[PDB]
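Engineer:
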Amino acid sequence: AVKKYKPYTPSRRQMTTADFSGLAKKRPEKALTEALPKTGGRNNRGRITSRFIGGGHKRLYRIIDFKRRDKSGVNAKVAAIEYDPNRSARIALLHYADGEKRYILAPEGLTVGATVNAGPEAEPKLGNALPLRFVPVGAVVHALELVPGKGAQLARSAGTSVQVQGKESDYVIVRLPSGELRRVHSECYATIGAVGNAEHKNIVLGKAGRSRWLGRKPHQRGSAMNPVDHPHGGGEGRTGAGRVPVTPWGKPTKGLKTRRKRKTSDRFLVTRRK
Amino acid sequence: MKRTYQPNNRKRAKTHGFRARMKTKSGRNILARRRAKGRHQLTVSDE
RNA sequence: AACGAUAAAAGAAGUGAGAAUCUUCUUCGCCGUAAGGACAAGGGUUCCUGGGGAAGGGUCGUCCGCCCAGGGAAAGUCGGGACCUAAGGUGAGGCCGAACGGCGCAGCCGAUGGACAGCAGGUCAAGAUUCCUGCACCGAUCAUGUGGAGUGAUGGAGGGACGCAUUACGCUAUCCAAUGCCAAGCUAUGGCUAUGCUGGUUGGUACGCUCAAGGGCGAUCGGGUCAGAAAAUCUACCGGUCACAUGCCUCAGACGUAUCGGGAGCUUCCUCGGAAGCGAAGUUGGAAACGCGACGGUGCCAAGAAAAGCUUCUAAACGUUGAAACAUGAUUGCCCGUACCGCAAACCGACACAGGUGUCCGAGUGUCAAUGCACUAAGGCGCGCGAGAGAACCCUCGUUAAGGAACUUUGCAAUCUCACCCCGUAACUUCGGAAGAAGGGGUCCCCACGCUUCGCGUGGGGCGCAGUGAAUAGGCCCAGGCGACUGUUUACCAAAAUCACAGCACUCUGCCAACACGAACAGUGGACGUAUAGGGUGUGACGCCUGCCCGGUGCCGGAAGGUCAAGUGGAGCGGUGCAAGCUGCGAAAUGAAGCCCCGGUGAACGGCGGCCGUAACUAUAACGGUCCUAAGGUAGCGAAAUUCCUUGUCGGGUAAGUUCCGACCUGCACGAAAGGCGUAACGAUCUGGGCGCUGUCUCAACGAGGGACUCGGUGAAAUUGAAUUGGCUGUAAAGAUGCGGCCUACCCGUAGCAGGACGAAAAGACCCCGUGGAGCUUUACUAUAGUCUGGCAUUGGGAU
RNA sequence: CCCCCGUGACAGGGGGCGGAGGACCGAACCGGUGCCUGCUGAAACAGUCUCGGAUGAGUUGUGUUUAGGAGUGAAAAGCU
RNA sequence: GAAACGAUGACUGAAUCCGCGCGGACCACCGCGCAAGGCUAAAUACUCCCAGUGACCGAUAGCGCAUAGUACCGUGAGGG
Ligand SMILES: [Mg+2]
Ligand SMILES: [Mg+2]
Ligand SMILES: [Mg+2]
Ligand SMILES: [Mg+2]
Ligand SMILES: [Mg+2]
Ligand SMILES: [Mg+2]
Ligand SMILES: [Mg+2]
Ligand SMILES: [Mg+2]
Ligand SMILES: [Mg+2]
Ligand SMILES: [Mg+2]
Ligand SMILES: [Mg+2]
Ligand SMILES: [Mg+2]
Ligand SMILES: [Mg+2]
Ligand SMILES: [Mg+2]
Ligand SMILES: [Mg+2]
Ligand SMILES: [Mg+2]
Ligand SMILES: [Mg+2]
Ligand SMILES: [Mg+2]
Ligand SMILES: [Mg+2]
Ligand SMILES: [Mg+2]
Ligand SMILES: [Mg+2]
Ligand SMILES: [Mg+2]
Ligand SMILES: [Mg+2]
Ligand SMILES: [Mg+2]
Ligand SMILES: [Mg+2]
Ligand SMILES: [Mg+2]
Ligand SMILES: [Mg+2]
Ligand SMILES: [Mg+2]
Ligand SMILES: [Mg+2]
Ligand SMILES: [Mg+2]
Ligand SMILES: [Mg+2]
Ligand SMILES: [Mg+2]
Ligand SMILES: [Mg+2]
Ligand SMILES: [Mg+2]
Ligand SMILES: [Mg+2]
Ligand SMILES: [Mg+2]
Ligand SMILES: [Mg+2]
Ligand SMILES: [Mg+2]
Ligand SMILES: [Mg+2]
Ligand SMILES: [Mg+2]
Ligand SMILES: [Mg+2]
Ligand SMILES: [Mg+2]
Ligand SMILES: [Mg+2]
Ligand SMILES: [Mg+2]
Ligand SMILES: [Mg+2]
Ligand SMILES: [Mg+2]
Ligand SMILES: [Mg+2]
Ligand SMILES: [Mg+2]
Ligand SMILES: [Mg+2]
Ligand SMILES: [Mg+2]
Ligand SMILES: [Mg+2]
Ligand SMILES: [Mg+2]
Ligand SMILES: [Mg+2]
Ligand SMILES: [Mg+2]
Ligand SMILES: [Mg+2]
Ligand SMILES: [Mg+2]
Ligand SMILES: [Mg+2]
Ligand SMILES: [Mg+2]
Ligand SMILES: [Mg+2]
Numbered sequence: 241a242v243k244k245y246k247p248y249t250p251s252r253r254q255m256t257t258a259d260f261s262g263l264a265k266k267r268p269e270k271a272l273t274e275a276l277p278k279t280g281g282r283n284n285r286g287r288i289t290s291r292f293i294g295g296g297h298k299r300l301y302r303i304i305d306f307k308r309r310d311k312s313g314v315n316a317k318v319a320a321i322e323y324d325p326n327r328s329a330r331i332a333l334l335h336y337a338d339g340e341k342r343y344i345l346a347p348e349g350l351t352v353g354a355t356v357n358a359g360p361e362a363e364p365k366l367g368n369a370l371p372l373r374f375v376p377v378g379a380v381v382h383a384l385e386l387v388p389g390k391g392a393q394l395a396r397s398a399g400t401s402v403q404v405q406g407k408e409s410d411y412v413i414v415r416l417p418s419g420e421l422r423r424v425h426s427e428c429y430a431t432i433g434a435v436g437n438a439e440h441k442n443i444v445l446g447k448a449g450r451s452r453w454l455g456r457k458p459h460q461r462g463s464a465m466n467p468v469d470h471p472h473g474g475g476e477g478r479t480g481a482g483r484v485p486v487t488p489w490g491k492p493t494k495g496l497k498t499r500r501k502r503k504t505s506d507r508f509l510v511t512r513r514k
Numbered sequence: 050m051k052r053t054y055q056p057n058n059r060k061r062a063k064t065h066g067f068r069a070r071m072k073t074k075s076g077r078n079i080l081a082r083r084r085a086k087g088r089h090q091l092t093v094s095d096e
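So this is what it looks like as structure tokens:
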């Protein structure tokens with residue numbers, strides 16, 4: 241489920257580790273293994289836009305086509321469930337009966353070797369490419385596009401499930417994992433099931449290092465900084481605030497709606513993530 | 050302890066040189082505004 | 001004053017105008033995971049020869065890294081380019097932007113990497129996988145042949161192609177042993193006369209049915225069109241079929257044989273010492289890599305660059321009587337870099353400077369091992385002032401009678417302790433730990449005996465004060481405060497209680513995501529991530545927990561109404577000309593967000609408090625406690641990092657305790673994620689006590705080394721009105737050597753002291769002043785990026 | 001992983017074997033904990049002795065990117 | 001400010017002769033004028049350079065220089 245550790249070192253107690261005992265051990269396919277360099281958070285101007293990014297371990301991209309519509313109407317069989325360091329989830333290896341291999345995202349349960357399909361003409365099985373309209377009411381799914389062909393941008397993190405509330409017009413209502421209700425153009429695609437990994441959410445990190453190894457340079461209380469540096473700075477003691485909680489940029493954190501008030505999305509969200 | 054100036058030929062040239070100084074406007078400007086002061090030392094290319 | 005580390009020098013010989021310093025010789029002293037050797041970066045002729053001596057050299061110099069002149073550096077195979085790509089930099093068209101310009105796909109530049117054909121020896125005063133000798137390899141073009149029909153890209157696939165840690169067998173380097181083999185001479189000073197002493201003991205290439213651990217490894221037929229634009233002997237899926245052990249395959253390496261070298265020395269000539277010829281052996285045994293066999297095995301989560309060369313298919317295309325492939329001969333071999341210094345006197349430090357500088361090699365003995373310590377080898381030095389003295393004082397070090405923390409701000413400093421083995425080891429605990437707790441005992445030499453060795457246990461003997469005998473080598477414990485922890489921090493006065501952290505919590509964010517850089521509808525990070533994600537904020541393991549106040553501020557939500565800008569609408573007012581008329585001004589209603597207003601919200605901002613009376617002179621050590629704002633402290637803590645009164649009161653320890661520990665509660669002024677209270681472990685943190693040890697101390701002494709002092713050599717500094725510069729009392733702008741009076745005092749210097757010269761150093765950094773400045777702050781003022789918002793333009797048809 | 005020992009509602013306990021770790025002692029390397037010396041230094045920040053990490057958040061070479069109300073900062077207004 | 005006029009950024013974009021524009025709000029009168037198309041020597045400014053002069057300097061003057069942007073400092077711009 242998760243490996244644990246006897247307390248032989250101080251930090252080797254709470255520490256916890258994944259269960260990769262179901263990972264088809266394999267060096268990911270060569271003609272699918274692009275090269276990701278890291279970006280300190282600096283952009284093409286060399287200034288840290290994102291903030292607090294740094295190093296960790298060398299990583300590579302595995303192309304994971306999300307629009308299965310490039311090969312729907314035929315099926316492939318699962319070949320392996322290797323380990324991507326860039327995703328919160330696990331990924332799986334597709335052997336299309338007609339030669340071409342691909343990589344797709346791996347869902348919850350889907351045992352190594354199950355032969356899965358793609359096309360509107362597909363059984364609600366785990367791992368099928370299926371349009372959202374042909375999906376049963378109340379069914380469990382992930383990997384949802386905001387338009388046909390675009391690419392699956394919904395339900396991708398570990399153990400996530402967008403849930404078909406049901407059809408309507410040509411826009412199917414949907415339950416986002418955040419707790420939101422979204423209209424989706426029924427010619428949008430889907431992949432049946434929960435994401436899996438699932439266990440992820442729970443692995444205790446355990447020590448500084450473990451943060452570093454995923455490349456998350458140490459985070460910083462502005463309450464450390466000085467006036468010159470950032471808002472909450474100054475003081476003579478472990479000091480409070482003296483103003484309302486606020487980002488470095490002074491635009492309040494803690495209870496301040498930040499979404500842009502006018503938008504085109506505003507007539508596709510029937511409810512709010514509350 | 051250890052000092053400010055640790056020479057690096059490639060650095061020196063790729064930093065202060067002539068292809069470099071001409072690559073930018075303000076370096077053209079540095080150039081001719083040097084020339085006027087009768088520099089023999091035009092540029093670290095001329096070392 | 002200083003001559004730049006306390007690694008150390010002597011005598012002889014020589015040269016010269018002159019020598020402690022330069023050159024020979026013989027010793028001595030220091031380095032030896034270096035203070036040796038080889039590179040890179042940097043420097044630039046510092047290299048070698050011959051010469052010079054003004055200045056550079058911390059003295060001297062006849063000498064030099066300085067001066068002069070002349071020489072020296074050689075590559076198809078090393079390194080870079082003629083090949084490749086990473087980050088990054090670029091970049092026609094392309095996307096933007098007051099200008100200059102900012103972006104940006106392909107392509108191109110870009111080594112720190114990929115790729116890649118040569119090794120062994122010899123020698124100039126000075127080069128060396130270059131030159132020379134010996135034997136190789138690679139590409140290129142031609143020719144005689146085997147030719148005798150296919151060649152195989154600007155696209156396809158394969159391959160190149162990669163992490164950390166641990167580890168099995170084989171082996172090389174390379175080092176040790178010896179009555180192995182070869183060579184050399186000798187008898188020392190009592191002995192040894194060799195079974196002693198010293199030295200050397202295989203490098204390349206070629207073959208060879210010789211030995212070999214290790215390592216990679218399948219194959220062929222067919223189907224599917226729909227996979228690689230298409231093609232397709234290929235590559236990928238599906239299926240069938242094939243003697244599991246394997247053989248197929250490779251050969252690090254060793255053994256043999258041969259050949260080319262090299263080899264201790266030996267000889268011969270001879271000119272501050274070299275030129276030239278010659279040449280023996282080639283053994284058994286053991287150790288052993290971070291190297292090779294290798295892209296081996298296993299385990300692990302943090303999941304490990306790209307591209308060309310390369311290998312395979314096909315497209316066009318010209319060929320299919322000259323297509324590839326091959327053997328051999330010819331022939332060809334571009335471009336820069338190669339000297340020398342390169343852990344330093346030659347680079348960076350202004351210096352021939354106790355600093356800084358990246359990778360490799362880095363022998364032996366002793367030592368559990370080792371790049372550790374002592375001593376050494378090869379090699380490299382004795383650090384470019386010397387000599388004597390043997391006072392104060394100063395630095396670094398030894399020893400110490402009696403005592404043993406009496407020192408003191410504090411055991412600061414310094415001693416103790418010290419390795420390996422064997423016995424043994426506490427509260428407390430998160431069951432890992434504390435822990436090397438504590439505390440003991442052993443350790444050397446010989447003989448016998450056993451055992452798995454170099455090795456070790458056992459038994460008996462031996463010696464000295466002592467046997468990790470020299471060097472490298474933990475003092476320990478009890479009890480608190482703070483943080484949990486490993487980490488981080490103020491380059492050059494603060495290393496912690498800071499900060500980070502794993503953990504938890506509030507919110508924000510549904511993708512052209514928020515958020516952030518931005519001439520800007522560019523492009524970028526966020527992210528090739530997707531709510532188990534991303535941002536921001538706060539607390540800071542873990543454990544039991546985290547209460548009371550929504551009135552003010554903030555925030556979320558609400559809508560009746562109060563409202564509010566431009567714009568819409570203009571009744572009415574007036575200026576004017578005779579005038580149609582032009583026009584100045586401008587009211588109603590309507591009208592955006594936002595504020596007023598209603599409620600919700602604390603792991604948002606915050607809040608969780610005022611007071612009552614005492615005999616006397618306008619007063620001091622003390623009182624028990626009812627309690628106005630929205631509420632007025634729940635747990636736990638409490639004289640604390642918080643305590644005013646203050647050395648609070650009590651207890652412990654002490655002979656004696658403002659400190660410390662426990663309790664007490666009257667908390668000036670603790671309190672729950674600005675966390676509350678705990679807690680094992682961790683700590684160059686902080687605080688008190690102990691044991692041990694000690695010159696920290698009583699109280700200092702003797703000794704040593706480097707200074708200080710003397711002599712010969714070179715010779716600074718900050719300061720400086722000018723001085724021919726006493727003391728006491730007094731006076732003076734109030735601290736007098738200079739004025740008064742009185743005392744005292746012959747001229748000069750040397751080593752020493754630090755009272756004075758309000759001593760030197762920086763126009764005081766505290767304080768006041770300046771309608772001086774800069775940083776920072778907010779509900780001080782004003783704008784303003786940004787951002788919300790109505791109208792207007794992009795901006796269109798229609799249905800009701 | 002592998003054996004024997006254990007069955008009160010109980011994860012367990014011994015032995016083998018294994019090689020884990022912001023484990024430990026400790027050179028190189030990285031850092032500056034205390035004292036003294038140095039303060040017209042040997043050096044515009046160091047020397048000796050002592051001390052901290054020493055497979056990790058480690059150390060370092062090379063090419064390269066970000067800058068002035070700007071960068072960068074495990075936060076000192078430090079560093080540029 | 002009574003704000004004429006030109007001038008443009010965004011919205012609007014009239015008359016062409018019995019017409020258009022101005023005369024410092026605005027109106028009549030009465031005057032000066034031809035927007036929406038272009039070129040144009042001359043006088044004027046400067047002085048790296050050439051020459052002539054001087055109640056300008058003569059070696060701390062005079063340019064920074066009797067010459068040198070060199071020596072020297074600076075990673076650089078730059079100082080000199
Ligand atoms: Mg945090
Ligand atoms: Mg601070
Ligand atoms: Mg401060
Ligand atoms: Mg601020
Ligand atoms: Mg503040
Ligand atoms: Mg002296
Ligand atoms: Mg000296
Ligand atoms: Mg001496
Ligand atoms: Mg002689
Ligand atoms: Mg003579
Ligand atoms: Mg000498
Ligand atoms: Mg060396
Ligand atoms: Mg010489
Ligand atoms: Mg001299
Ligand atoms: Mg002579
Ligand atoms: Mg560019
Ligand atoms: Mg290279
Ligand atoms: Mg090569
Ligand atoms: Mg090469
Ligand atoms: Mg050759
Ligand atoms: Mg081995
Ligand atoms: Mg012998
Ligand atoms: Mg004798
Ligand atoms: Mg011998
Ligand atoms: Mg290319
Ligand atoms: Mg050279
Ligand atoms: Mg010297
Ligand atoms: Mg030096
Ligand atoms: Mg070695
Ligand atoms: Mg050794
Ligand atoms: Mg040593
Ligand atoms: Mg030398
Ligand atoms: Mg005498
Ligand atoms: Mg004594
Ligand atoms: Mg005694
Ligand atoms: Mg001490
Ligand atoms: Mg125990
Ligand atoms: Mg012990
Ligand atoms: Mg005895
Ligand atoms: Mg004994
Ligand atoms: Mg010690
Ligand atoms: Mg700490
Ligand atoms: Mg400091
Ligand atoms: Mg310090
Ligand atoms: Mg409103
Ligand atoms: Mg008491
Ligand atoms: Mg705290
Ligand atoms: Mg620490
Ligand atoms: Mg005491
Ligand atoms: Mg003298
Ligand atoms: Mg007088
Ligand atoms: Mg007098
Ligand atoms: Mg003195
Ligand atoms: Mg002053
Ligand atoms: Mg460690
Ligand atoms: Mg540091
Ligand atoms: Mg106008
Ligand atoms: Mg003169
Ligand atoms: Mg002059």
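Protein sequences, first through last, are from chains U and D.
Sequential numbering from 241 applies to the first sequence in the working numbering.
Sequential numbering from 50 applies to the second sequence in the working numbering.
Don't be surprised by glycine CBs; every beta carbon is placed ideally from N, CA and C.
What is the residue span of the alpha helix (DSSP H) that residue 80 of chain D lies within?
Structural biologist: Taken as a continuous stretch (DSSP letters only), the alpha helix (DSSP H) holding residue 80 of chain D covers 74-84.
Engineer: Compare the Cα-Cα distances from residue 300 of chain U to each of U/372, U/243, U/327 and U/321 and report the closest residue.
Structural biologist: Considering only alpha carbons, the answer is U/327.
Engineer: Can you give me the Cβ contacts of residue 376 of chain U inside the same chain, cut-off strictly under 8 Å, excluding the 5 residues immediately before and after it?
Structural biologist: Excluding sequence neighbours, residue 376 of chain U sits near 364 and 404.
Engineer: Which same chain residues, not among the five before or five after residue 288 of chain U, have their C-beta less than 6 Å away from its C-beta?
Structural biologist: These residues qualify, in order along the chain: 281 and 282.
Engineer: Starting from residue 62 of chain D and walking both ways along the alpha helix (DSSP H), at which residues does that stretch end?
Structural biologist: Run containing residue 62 of chain D: 58-65, per the alpha helix (DSSP H) assignment.
Engineer: Tell me the DSSP secondary structure of residue 456 of chain U in three-state form.
Structural biologist: Coil, per DSSP.
Engineer: Residue 347 of chain U and residue 433 of chain U - do their beta-carbons sit closer together than 7 Å?
Structural biologist: Yes, the pair counts as a contact, with Cβ atoms nearer than the cut-off.
Engineer: May I have the straight-line CA-CA distance separating residue 61 of chain D from residue 93 of chain D, to the nearest angstrom?
Structural biologist: Those two C-alpha atoms are separated by around 7 Å.
Engineer: To the nearest angstrom, report how far apart residue 67 of chain D and residue 76 of chain D are at their CA atoms.
Structural biologist: Distance between the alpha carbons of residue 67 of chain D and residue 76 of chain D is about 9 Å.
Engineer: For residue 494 of chain U, which three-state DSSP category applies?
Structural biologist: Coil, per DSSP.
Engineer: For the 8 Å Cβ check, are there 3 or more pairs between the stretch 446-455 of chain U and the stretch 410-429 of chain U?
Structural biologist: Touching, no.
Engineer: For a test of the three-state rule: what should DSSP assign to residue 291 of chain U, helix, strand or coil?
Structural biologist: Three-state result, residue 291 of chain U: coil.
Engineer: Between which two residues does the beta strand (DSSP E) holding residue 273 of chain U run?
Structural biologist: 273-275 is the extent of the beta strand (DSSP E) around residue 273 of chain U.
Engineer: Find out if the Cβ-Cβ distance for the pair residue 510 of chain U, residue 421 of chain U is shorter than 7 Å.
Structural biologist: Going by C-beta atoms, residue 510 of chain U is nearer than 7 Å to residue 421 of chain U.
Engineer: Pick out whichever of U/247, U/257, U/249 and U/387 has its Cα sitting closest to the Cα of residue 444 of chain U.
Structural biologist: Comparing Cα positions, the closest option is U/257.
Engineer: Among the candidates U/271, U/310 and U/442, whose CA atom is the shortest distance from the CA of residue 357 of chain U?
Structural biologist: It is U/310 whose Cα lies nearest to the Cα of residue 357 of chain U.
Engineer: Thinking just about the alpha-carbon of each residue, which of U/285, U/268 and U/373 is nearest to the one in residue 408 of chain U?
Structural biologist: That would be U/373, whose Cα lies nearest to the Cα of residue 408 of chain U.
Engineer: Roughly how many angstroms separate the alpha carbons of residue 254 of chain U and residue 361 of chain U, rounded to a whole number?
Structural biologist: The straight-line gap from Cα to Cα measures roughly 48 Å.
Engineer: Within 10 angstroms of its Cβ, does residue 367 of chain U collect 16 or more other Cβ (buried), or is it exposed?
Structural biologist: Buried, since its Cβ has 16 or more Cβ neighbours within 10 Å.
Engineer: Specify the secondary structure class of residue 441 of chain U as computed by DSSP and reduced to three states.
Structural biologist: Residue state, collapsed to three classes: helix.
Engineer: Who pairs with residue 415 of chain U in a beta bridge, going by DSSP?
Structural biologist: Bridge partners of residue 415 of chain U: U/403 and U/421.
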